[PDB]
Structures are given as C-alpha cells and as structure tokens.
Amino acid sequence: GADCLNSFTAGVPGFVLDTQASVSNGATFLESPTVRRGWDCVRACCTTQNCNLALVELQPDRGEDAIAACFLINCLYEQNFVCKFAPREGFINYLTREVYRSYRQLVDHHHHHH
C-alpha cells in the first residue's frame, strides 16, 4: 500500500544534531526508539506527529546495514529552525521534506576561507 519513508532525506555525513544545545534553544526530544536499522528509526518519525529530525548511532555489528540507537527531535520553536549541530564520528540524521530544504542551506556554504 502507501508508504511514508519516501517523505524523508538523510543529511550529509560529518555534521549531526547535538540534541542538548537545540533543546535548550527550543527543540523537543519526543521519541527515543531502541531499533537496530536506519529505516526502522525513520518509520518512527513518520508516526510521531511532531518529529522533524531522526538521529542515529552507527556501527553496532553490521556497520551501516544496522544502527545502535535512535533519537527523534522536533528541532523547531515558534515555527523557527532552532536545530543545533556539531562535527562527529559515529552518527547521522534523517530530515523531513519540510526541514531538509533548511538543512542544506547550512552545509552547502562555509563561513571560513580556510
């Protein structure tokens, strides 16, 4: 039948959500599944109505076929994008078709000349 996993897009690797700095800026941590695959984490953000970001931890046993943990965050406050980020090693985050258009505007361009 119909499927909502096609409404999400993964963000570029190297940069992910720090969670605690964004929730202190207005974001909300809503759901936290113990699923073991990236698409099992995305289907949870499809059923959690206020979820816009789905963060995961990699390298449990299979490396990238599987994940160690899943964290869902709203990342919005007064309709603004208050989502905070940092450089990383073992993580990635999926965005919705509504917020992925903003996630690209902060990774396609760089502040430093070197």
# chains A, B, ... in the order shown; residues from 1 in each chain; ligands from 1
$ residues_around --residues "residue 74 (chain A)" --least-positions-apart "2" --cutoff "9 Å" --atoms "only C-alpha atoms" --output "count of residues only"
14
$ residues_around --residues "residue 94 (chain A)" --least-positions-apart "6" --cutoff "7 Å" --atoms "only C-alpha atoms" --output "PDB file with N, CA and C atoms, in the first residue's frame"
ATOM      1  N   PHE A   8      11.183  11.393   3.684  1.00  0.00           N
ATOM      2  CA  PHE A   8      12.429  11.732   4.408  1.00  0.00           C
ATOM      3  C   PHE A   8      13.717  11.644   3.565  1.00  0.00           C
ATOM      4  N   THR A   9      14.676  12.493   3.907  1.00  0.00           N
ATOM      5  CA  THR A   9      16.015  12.502   3.258  1.00  0.00           C
ATOM      6  C   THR A   9      17.148  12.645   4.272  1.00  0.00           C
ATOM      7  N   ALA A  10      18.146  11.781   4.189  1.00  0.00           N
ATOM      8  CA  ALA A  10      19.289  11.841   5.105  1.00  0.00           C
ATOM      9  C   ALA A  10      20.190  13.102   4.892  1.00  0.00           C
ATOM     10  N   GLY A  11      20.652  13.700   5.987  1.00  0.00           N
ATOM     11  CA  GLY A  11      21.576  14.834   5.896  1.00  0.00           C
ATOM     12  C   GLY A  11      23.006  14.403   5.584  1.00  0.00           C
ATOM     13  N   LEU A  53      13.195  15.626  12.900  1.00  0.00           N
ATOM     14  CA  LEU A  53      14.571  15.107  12.852  1.00  0.00           C
ATOM     15  C   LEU A  53      14.686  13.698  13.488  1.00  0.00           C
ATOM     16  N   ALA A  54      15.346  12.795  12.782  1.00  0.00           N
ATOM     17  CA  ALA A  54      15.601  11.423  13.280  1.00  0.00           C
ATOM     18  C   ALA A  54      17.119  11.036  13.261  1.00  0.00           C
ATOM     19  N   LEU A  55      17.747  11.206  14.421  1.00  0.00           N
ATOM     20  CA  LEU A  55      19.185  10.967  14.648  1.00  0.00           C
ATOM     21  C   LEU A  55      19.522   9.496  14.997  1.00  0.00           C
TER      22      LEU A  55
END
$ closest_residue --among "A:35, A:41, A:46, A:2" --to "residue 68 (chain A)" --atoms "only C-alpha atoms"
A:35
$ atom_distance --atom1 "CA of residue 25 (chain A)" --atom2 "CA of residue 79 (chain A)"
12.7 Å
$ residues_around --residues "residue 6 (chain A)" --least-positions-apart "5" --cutoff "12 Å" --atoms "only C-alpha atoms" --output "PyMOL selection string"
chain A and resi 39+42-43+46+94-97
$ residues_around --residues "residue 22 (chain A)" --least-positions-apart "4" --cutoff "8 Å" --atoms "only C-alpha atoms" --output "list in words"
residues 17, 18, 26, 27, 75, 82, 83 and 84 of chain A
$ write_last_selection --atoms "N, CA and C atoms" --output "compact mmCIF listing (two decimals), in the first residue's frame"
# COMPACT_ATOMS: atom_id res chain seq x y z
N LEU A 17 23.11 16.58 14.69
CA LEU A 17 22.46 17.21 15.86
C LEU A 17 23.14 16.85 17.21
N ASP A 18 23.41 17.87 18.01
CA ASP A 18 23.98 17.69 19.38
C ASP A 18 22.90 17.43 20.47
N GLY A 26 15.09 25.65 22.18
CA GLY A 26 13.66 25.49 21.86
C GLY A 26 13.16 24.15 21.29
N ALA A 27 14.05 23.28 20.84
CA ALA A 27 13.68 21.95 20.32
C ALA A 27 13.12 20.99 21.40
N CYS A 75 13.12 19.92 16.76
CA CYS A 75 14.06 20.93 16.23
C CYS A 75 13.49 22.31 15.77
N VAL A 82 15.49 26.01 15.14
CA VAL A 82 16.44 26.18 16.28
C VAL A 82 17.38 24.99 16.48
N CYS A 83 17.40 24.13 15.47
CA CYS A 83 18.26 22.94 15.43
C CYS A 83 19.78 23.26 15.46
N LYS A 84 20.50 22.66 16.41
CA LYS A 84 21.96 22.91 16.60
C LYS A 84 22.83 21.72 16.19
$ residues_around --residues "residue 31 (chain A)" --least-positions-apart "3" --cutoff "8 Å" --atoms "only C-alpha atoms" --output "PyMOL selection string"
chain A and resi 48+71-73
$ residues_around --residues "residue 40 (chain A)" --least-positions-apart "5" --cutoff "10 Å" --atoms "only C-alpha atoms" --output "MDAnalysis selection string"
chainID A and resid 5 33:35 45 66:67 70
$ residues_around --residues "residue 62 (chain A)" --least-positions-apart "6" --cutoff "12 Å" --atoms "only C-alpha atoms" --output "PyMOL selection string"
chain A and resi 36-38+68
$ write_last_selection --atoms "C-alpha atoms" --output "JSON list (two decimals), in the first residue's frame"
[["chain", "number", "residue", "atom", "x", "y", "z"],
["A", 36, "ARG", "CA", 18.55, -1.55, 15.08],
["A", 37, "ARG", "CA", 18.18, -0.17, 11.49],
["A", 38, "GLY", "CA", 18.18, 3.35, 10.00],
["A", 68, "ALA", "CA", 22.98, 1.04, 17.77]]
$ closest_residue --among "A:80, A:44, A:90, A:102" --to "residue 63 (chain A)" --atoms "only C-alpha atoms"
A:90
$ select_by_dssp --residues "region 1-103 of chain A" --states "helix (DSSP H, G or I)" --output "list in words"
residues 4, 5, 6, 7, 20, 21, 22, 23, 38, 39, 40, 41, 42, 43, 44, 45, 46, 47, 100, 101, 102 and 103 of chain A
$ closest_residue --among "A:99, A:92, A:104, A:109" --to "residue 14 (chain A)" --atoms "only C-alpha atoms"
A:92
$ select_by_dssp --residues "chain A" --states "strand (DSSP E)" --output "PDB file with N, CA, C and O atoms, in the first residue's frame"
ATOM      1  N   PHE A   8      11.183  11.393   3.684  1.00  0.00           N
ATOM      2  CA  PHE A   8      12.429  11.732   4.408  1.00  0.00           C
ATOM      3  C   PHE A   8      13.717  11.644   3.565  1.00  0.00           C
ATOM      4  O   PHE A   8      13.851  10.817   2.670  1.00  0.00           O
ATOM      5  N   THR A   9      14.676  12.493   3.907  1.00  0.00           N
ATOM      6  CA  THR A   9      16.015  12.502   3.258  1.00  0.00           C
ATOM      7  C   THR A   9      17.148  12.645   4.272  1.00  0.00           C
ATOM      8  O   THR A   9      17.118  13.524   5.128  1.00  0.00           O
ATOM      9  N   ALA A  10      18.146  11.781   4.189  1.00  0.00           N
ATOM     10  CA  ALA A  10      19.289  11.841   5.105  1.00  0.00           C
ATOM     11  C   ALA A  10      20.190  13.102   4.892  1.00  0.00           C
ATOM     12  O   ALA A  10      20.468  13.501   3.761  1.00  0.00           O
ATOM     13  N   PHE A  15      28.454  16.101   9.853  1.00  0.00           N
ATOM     14  CA  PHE A  15      27.726  17.016  10.765  1.00  0.00           C
ATOM     15  C   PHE A  15      26.360  16.474  11.243  1.00  0.00           C
ATOM     16  O   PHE A  15      25.493  16.138  10.436  1.00  0.00           O
ATOM     17  N   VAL A  16      26.181  16.415  12.556  1.00  0.00           N
ATOM     18  CA  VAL A  16      24.889  15.973  13.180  1.00  0.00           C
ATOM     19  C   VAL A  16      24.370  16.828  14.333  1.00  0.00           C
ATOM     20  O   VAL A  16      25.087  17.649  14.902  1.00  0.00           O
ATOM     21  N   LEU A  17      23.113  16.583  14.691  1.00  0.00           N
ATOM     22  CA  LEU A  17      22.455  17.206  15.856  1.00  0.00           C
ATOM     23  C   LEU A  17      23.135  16.848  17.210  1.00  0.00           C
ATOM     24  O   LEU A  17      23.358  15.688  17.528  1.00  0.00           O
ATOM     25  N   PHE A  29      12.824  16.827  22.493  1.00  0.00           N
ATOM     26  CA  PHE A  29      13.091  15.388  22.402  1.00  0.00           C
ATOM     27  C   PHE A  29      11.767  14.635  22.709  1.00  0.00           C
ATOM     28  O   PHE A  29      11.271  14.686  23.830  1.00  0.00           O
ATOM     29  N   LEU A  30      11.171  14.017  21.695  1.00  0.00           N
ATOM     30  CA  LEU A  30       9.825  13.387  21.839  1.00  0.00           C
ATOM     31  C   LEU A  30       9.810  11.852  21.926  1.00  0.00           C
ATOM     32  O   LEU A  30       9.227  11.281  22.832  1.00  0.00           O
ATOM     33  N   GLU A  31      10.474  11.204  20.983  1.00  0.00           N
ATOM     34  CA  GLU A  31      10.588   9.723  20.983  1.00  0.00           C
ATOM     35  C   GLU A  31      12.048   9.214  20.902  1.00  0.00           C
ATOM     36  O   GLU A  31      12.899   9.805  20.248  1.00  0.00           O
ATOM     37  N   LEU A  53      13.195  15.626  12.900  1.00  0.00           N
ATOM     38  CA  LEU A  53      14.571  15.107  12.852  1.00  0.00           C
ATOM     39  C   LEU A  53      14.686  13.698  13.488  1.00  0.00           C
ATOM     40  O   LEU A  53      14.219  13.461  14.595  1.00  0.00           O
ATOM     41  N   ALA A  54      15.346  12.795  12.782  1.00  0.00           N
ATOM     42  CA  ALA A  54      15.601  11.423  13.280  1.00  0.00           C
ATOM     43  C   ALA A  54      17.119  11.036  13.261  1.00  0.00           C
ATOM     44  O   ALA A  54      17.684  10.641  12.236  1.00  0.00           O
ATOM     45  N   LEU A  55      17.747  11.206  14.421  1.00  0.00           N
ATOM     46  CA  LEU A  55      19.185  10.967  14.648  1.00  0.00           C
ATOM     47  C   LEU A  55      19.522   9.496  14.997  1.00  0.00           C
ATOM     48  O   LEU A  55      18.843   8.873  15.806  1.00  0.00           O
ATOM     49  N   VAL A  56      20.583   8.958  14.407  1.00  0.00           N
ATOM     50  CA  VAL A  56      21.038   7.565  14.713  1.00  0.00           C
ATOM     51  C   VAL A  56      22.522   7.376  14.971  1.00  0.00           C
ATOM     52  O   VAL A  56      23.370   8.093  14.446  1.00  0.00           O
ATOM     53  N   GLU A  57      22.809   6.355  15.761  1.00  0.00           N
ATOM     54  CA  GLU A  57      24.190   5.920  16.075  1.00  0.00           C
ATOM     55  C   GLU A  57      24.564   4.656  15.265  1.00  0.00           C
ATOM     56  O   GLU A  57      23.853   3.675  15.303  1.00  0.00           O
ATOM     57  N   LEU A  58      25.651   4.691  14.513  1.00  0.00           N
ATOM     58  CA  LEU A  58      26.049   3.550  13.642  1.00  0.00           C
ATOM     59  C   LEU A  58      27.029   2.533  14.316  1.00  0.00           C
ATOM     60  O   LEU A  58      27.393   2.675  15.478  1.00  0.00           O
ATOM     61  N   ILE A  67      22.043   0.024  13.041  1.00  0.00           N
ATOM     62  CA  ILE A  67      22.333   1.126  13.997  1.00  0.00           C
ATOM     63  C   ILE A  67      22.248   0.657  15.465  1.00  0.00           C
ATOM     64  O   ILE A  67      21.568  -0.314  15.781  1.00  0.00           O
ATOM     65  N   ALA A  68      22.952   1.351  16.340  1.00  0.00           N
ATOM     66  CA  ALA A  68      22.983   1.042  17.770  1.00  0.00           C
ATOM     67  C   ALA A  68      21.788   1.675  18.546  1.00  0.00           C
ATOM     68  O   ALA A  68      21.222   1.063  19.455  1.00  0.00           O
ATOM     69  N   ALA A  69      21.419   2.892  18.159  1.00  0.00           N
ATOM     70  CA  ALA A  69      20.314   3.615  18.812  1.00  0.00           C
ATOM     71  C   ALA A  69      19.604   4.681  17.909  1.00  0.00           C
ATOM     72  O   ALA A  69      20.170   5.161  16.918  1.00  0.00           O
ATOM     73  N   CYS A  70      18.375   5.043  18.277  1.00  0.00           N
ATOM     74  CA  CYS A  70      17.568   6.038  17.528  1.00  0.00           C
ATOM     75  C   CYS A  70      16.936   7.172  18.406  1.00  0.00           C
ATOM     76  O   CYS A  70      16.294   6.917  19.422  1.00  0.00           O
ATOM     77  N   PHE A  71      17.127   8.423  17.989  1.00  0.00           N
ATOM     78  CA  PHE A  71      16.630   9.616  18.728  1.00  0.00           C
ATOM     79  C   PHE A  71      15.846  10.625  17.865  1.00  0.00           C
ATOM     80  O   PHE A  71      16.377  11.217  16.921  1.00  0.00           O
ATOM     81  N   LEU A  72      14.582  10.827  18.190  1.00  0.00           N
ATOM     82  CA  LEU A  72      13.716  11.738  17.429  1.00  0.00           C
ATOM     83  C   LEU A  72      13.520  13.095  18.113  1.00  0.00           C
ATOM     84  O   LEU A  72      13.166  13.178  19.277  1.00  0.00           O
ATOM     85  N   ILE A  73      13.775  14.156  17.359  1.00  0.00           N
ATOM     86  CA  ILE A  73      13.692  15.550  17.862  1.00  0.00           C
ATOM     87  C   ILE A  73      12.870  16.493  16.948  1.00  0.00           C
ATOM     88  O   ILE A  73      12.953  16.450  15.728  1.00  0.00           O
ATOM     89  N   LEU A  76      12.247  22.564  16.155  1.00  0.00           N
ATOM     90  CA  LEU A  76      11.535  23.808  15.859  1.00  0.00           C
ATOM     91  C   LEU A  76      11.018  24.517  17.134  1.00  0.00           C
ATOM     92  O   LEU A  76      10.662  23.893  18.120  1.00  0.00           O
ATOM     93  N   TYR A  77      10.973  25.835  17.069  1.00  0.00           N
ATOM     94  CA  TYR A  77      10.464  26.672  18.170  1.00  0.00           C
ATOM     95  C   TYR A  77       9.841  27.960  17.638  1.00  0.00           C
ATOM     96  O   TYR A  77      10.478  28.707  16.901  1.00  0.00           O
ATOM     97  N   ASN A  80      10.308  28.390  14.040  1.00  0.00           N
ATOM     98  CA  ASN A  80      11.689  28.628  13.568  1.00  0.00           C
ATOM     99  C   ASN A  80      12.617  27.414  13.730  1.00  0.00           C
ATOM    100  O   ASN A  80      12.447  26.588  14.611  1.00  0.00           O
ATOM    101  N   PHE A  81      13.615  27.352  12.872  1.00  0.00           N
ATOM    102  CA  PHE A  81      14.595  26.243  12.880  1.00  0.00           C
ATOM    103  C   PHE A  81      15.730  26.459  13.911  1.00  0.00           C
ATOM    104  O   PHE A  81      16.775  27.029  13.615  1.00  0.00           O
ATOM    105  N   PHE A  85      24.003  22.014  15.651  1.00  0.00           N
ATOM    106  CA  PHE A  85      24.887  20.967  15.086  1.00  0.00           C
ATOM    107  C   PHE A  85      26.382  21.020  15.452  1.00  0.00           C
ATOM    108  O   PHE A  85      26.934  22.070  15.785  1.00  0.00           O
ATOM    109  N   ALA A  86      27.022  19.865  15.344  1.00  0.00           N
ATOM    110  CA  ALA A  86      28.451  19.724  15.625  1.00  0.00           C
ATOM    111  C   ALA A  86      29.153  18.651  14.724  1.00  0.00           C
ATOM    112  O   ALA A  86      28.499  17.708  14.218  1.00  0.00           O
ATOM    113  N   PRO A  87      30.489  18.773  14.528  1.00  0.00           N
ATOM    114  CA  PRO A  87      31.166  17.712  13.766  1.00  0.00           C
ATOM    115  C   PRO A  87      31.224  16.396  14.556  1.00  0.00           C
ATOM    116  O   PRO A  87      31.281  16.403  15.784  1.00  0.00           O
ATOM    117  N   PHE A  91      27.738   9.059  13.935  1.00  0.00           N
ATOM    118  CA  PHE A  91      26.283   9.385  13.785  1.00  0.00           C
ATOM    119  C   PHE A  91      25.780   9.970  12.429  1.00  0.00           C
ATOM    120  O   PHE A  91      26.515  10.620  11.696  1.00  0.00           O
ATOM    121  N   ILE A  92      24.482   9.813  12.168  1.00  0.00           N
ATOM    122  CA  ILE A  92      23.762  10.601  11.098  1.00  0.00           C
ATOM    123  C   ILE A  92      22.317  10.938  11.445  1.00  0.00           C
ATOM    124  O   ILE A  92      21.708  10.285  12.262  1.00  0.00           O
ATOM    125  N   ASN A  93      21.753  11.937  10.781  1.00  0.00           N
ATOM    126  CA  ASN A  93      20.334  12.261  10.955  1.00  0.00           C
ATOM    127  C   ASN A  93      19.488  12.454   9.672  1.00  0.00           C
ATOM    128  O   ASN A  93      19.861  13.155   8.733  1.00  0.00           O
ATOM    129  N   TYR A  94      18.322  11.829   9.687  1.00  0.00           N
ATOM    130  CA  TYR A  94      17.310  11.985   8.635  1.00  0.00           C
ATOM    131  C   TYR A  94      16.413  13.213   8.888  1.00  0.00           C
ATOM    132  O   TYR A  94      16.011  13.492  10.015  1.00  0.00           O
ATOM    133  N   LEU A  95      16.114  13.933   7.821  1.00  0.00           N
ATOM    134  CA  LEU A  95      15.264  15.134   7.857  1.00  0.00           C
ATOM    135  C   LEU A  95      13.968  14.901   7.068  1.00  0.00           C
ATOM    136  O   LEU A  95      13.935  14.088   6.149  1.00  0.00           O
ATOM    137  N   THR A  96      12.917  15.641   7.382  1.00  0.00           N
ATOM    138  CA  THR A  96      11.659  15.529   6.583  1.00  0.00           C
ATOM    139  C   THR A  96      11.743  16.425   5.363  1.00  0.00           C
ATOM    140  O   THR A  96      12.535  17.362   5.326  1.00  0.00           O
TER     141      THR A  96
END
$ atom_distance --atom1 "CA of residue 3 (chain A)" --atom2 "CA of residue 105 (chain A)"
27.4 Å
$ atom_distance --atom1 "CA of residue 32 (chain A)" --atom2 "CA of residue 20 (chain A)"
14.0 Å
